[PDB]
Every structure is written in structure tokens, then in C-alpha cells.
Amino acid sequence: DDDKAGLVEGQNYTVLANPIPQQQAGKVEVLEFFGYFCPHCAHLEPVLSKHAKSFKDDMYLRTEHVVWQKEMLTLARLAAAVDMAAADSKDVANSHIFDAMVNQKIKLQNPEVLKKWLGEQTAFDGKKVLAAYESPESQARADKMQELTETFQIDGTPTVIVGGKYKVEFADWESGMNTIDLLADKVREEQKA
């Protein structure tokens, strides 16, 4: 409970009033709330994904699209479809979705626009994702993303949470990875007790 350099509440991280349940019980969840419309998310993605590879075995990256209004539900549904249809190639799919919105200003929250765009995608399996998008399960997942956004009051993106309990305060994406590692150890020490 003593503080240490790189792990100061209010400076390097913040404590959630209410913890977010992890998907997996035994390990340390790194949870990123993001938006495909989010420039900072687009940039943190490569770094965070890269770092996640060197993650110890009891450590994984979970991502969830925020839903701050009705129109945004479509984007969370796309995110879910990516999770469902392209879990193994999520990096590349997201790379192009991010680029489409942040750089090309494509209105992917509009379903007609999204559906047609997905059908034209070669870099990733646009058609497989479109199929997941059209199944109800993608929307079920999106409804859950909206509930997470609201229940835990995620009002900004990116928002990275470690162990369901600690919000990372990012100076820069690289020095944030350090806080993630520190927090992960803090959380492991906690699980032991």
C-alpha cells in the first residue's frame, strides 16, 4: 500500500470507485475502452498491441468500444463483429477501421456506409466481419459495451484499466506501458491474499 515511483494515485493512475469484472479469473486483465473515431486510440493501438504480445502468461488485453449515444451503437457492433470474426487478425482489421474514420472521415457509424465499406475490404476478411455484424450476437455484445460504458462511467477514450481496478494515466503511450506493468504487479500481489 506504500507508494512507489511510477505508481502514484492521481499522477500515474486512478482508482475506480467500482471494479470491472474481468473476462478471465486467473490472470491480469488489461482493458482498453476505445473508439474507432478516436485518433489517440488509433495511435495507442499499435503500441498497446505490441506490448501485449510480451505479456506474461497470466496477462491479456481486452478491448471495448464506448457507447456515448444511440448513433454510436453501430460502431460498438462493428467492434464486436471484429472480435467474433477476426480475433486472430484483430490488429490489421482495426488498423484499417481506425484509418477509415480518423484519416478518411468515413461515417462508419452509418450502417449502409459501413456494410458497403466492409464488403470492399481486402486487407482483412471484410465479408466475414460483415457476416458477424449482421448476426444478432454482434449487437448483443454492443449492448453489453454500452452497459459497461454507462455503469463504469467511461467518459473518455482511450481509457485503459488494469485488473479491473486501476485507470492508467498516460503521459505518453510508451511510459504508460510502464505503469501498466507496475499496476499488473500491484494486482498480482493483491490476488495473493
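Sequential numbering from 1, following the sequence displayed.
The stretch with the higher mean CA B factor, choosing between 116-124 and 98-106, is 116-124.
Once the C-alpha B-factors are averaged per stretch, 17-25 and 169-177 rank with 169-177 first.
Across the options 55, 133, 34, 68, the residue with the most elevated CA B-factor in the record is 55. Each of 62, 141, 51, 40 has a CA temperature factor in the record; the biggest one is found at 51. For residue 164, the recorded CA B-factor ranks within the lowest third of the chain. Only modelled residues enter the ranking. For residue 30, the recorded CA B-factor ranks within the middle third of the chain. Only modelled residues enter the ranking. Among all modelled residues in this chain, the alpha-carbon of residue 45 has a temperature factor (C-alpha) in the highest third. Among the modelled residues of the chain, residue 147 sits in the lowest third by CA temperature factor in this PDB entry.
In the PDB entry, a CA B factor belonging to the middle third of its chain's modelled residues is recorded for residue 188.
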